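If you want the building blocks of each chain, they are given just below.
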Amino acid sequence: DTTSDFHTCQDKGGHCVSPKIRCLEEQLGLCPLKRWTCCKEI
C-alpha cells in the first residue's frame, strides 16, 4: 500500500496491540508493524 486504505483494526473493532498485550477479544484487521493483533479492548 502507498496509503492506509483498507479494513483496519481500530475502526471495525479495537486498536492494534503488540504480540504481548491483554486481548479481551481478538479480531481481524490491518495493523502496519509486526505480529500486531487487532484487539477489541485491552
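Residues numbered from 1 in each chain as written, not as in the entry; some residues may be left out. Heavy atoms only, no water.

The record names solution NMR as the way this model was obtained.

Draft legend 1. Representation of the overall build of the protein chain within the structure. When helices and strands are tallied, the protein chain shows zero helices and three strands. Counting only residues that meet the buried cut, the protein chain has 21% of its 42 residues in that class. Partitioning the intrachain contacts of the protein chain with sequence separation of at least 6 by distance along the chain shows that 15% fall at a separation of at least 24. Summed over all atoms, the accessible surface of the protein chain reaches about 3,500 Å², with 49% contributed by carbon and sulfur. For the protein chain, the distance from the average site of its 6 positive side-chain charges to the average site of its 6 negative ones is 10 Å. (Helix = DSSP H or I, 4+ residues; strand = E, 2+ residues; numbered from the N terminus. Buried < 20%, exposed > 50% of the residue type's maximum accessible area, 1.4 Å probe, protein only. Contact = heavy atoms within 4.5 Å. Areas by Shrake-Rupley, 256 points an atom, 1.4 Å probe, with all protein chains shown as cover. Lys, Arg positive; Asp, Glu negative; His and termini not counted. Charge placed at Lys NZ, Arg CZ, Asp CG, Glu CD.)

Draft legend 2. Here's a closer look at the sheet that holds strand β1 (residues 15-17). In space, the three strands of this open sheet follow the order β1-β3-β2, with antiparallel pairing throughout. Here the strands that pair on one side only, and so sit at the sheet edges, are β1 and β2 (26-27). For β1 and strand β3 (residues 37-39), the ladder comprises three bridges, and the chain directions are antiparallel. Paired with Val 17 across the two strands is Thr 37, which belongs to β3. (Pairing = 2+ DSSP bridges.)

Draft legend 3. Spatial organisation of the environment of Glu 41. Within the secondary structure layout, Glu 41 lies in the segment after β3. Non-local contacts of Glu 41, meaning those with residues more than four positions away in its chain, are made with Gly 14, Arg 22, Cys 23, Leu 24 and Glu 25.

Draft legend 4. Structural detail: the state of the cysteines. The tally for this structure, following the rule as stated, stands at four disulfides. With its sulfur 2.2 Å from that of its partner, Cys 9 forms a disulfide with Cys 31. Every disulfide takes its handedness from the sign of the S-S torsion; for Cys 9 and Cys 31 that torsion is -135°, giving left-handed. In this pair, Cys 9 sits in the segment before β1 while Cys 31 sits in the loop between β2 and β3, placing the two residues 22 residues apart along the sequence. (Disulfide = S-S within 2.5 Å.)

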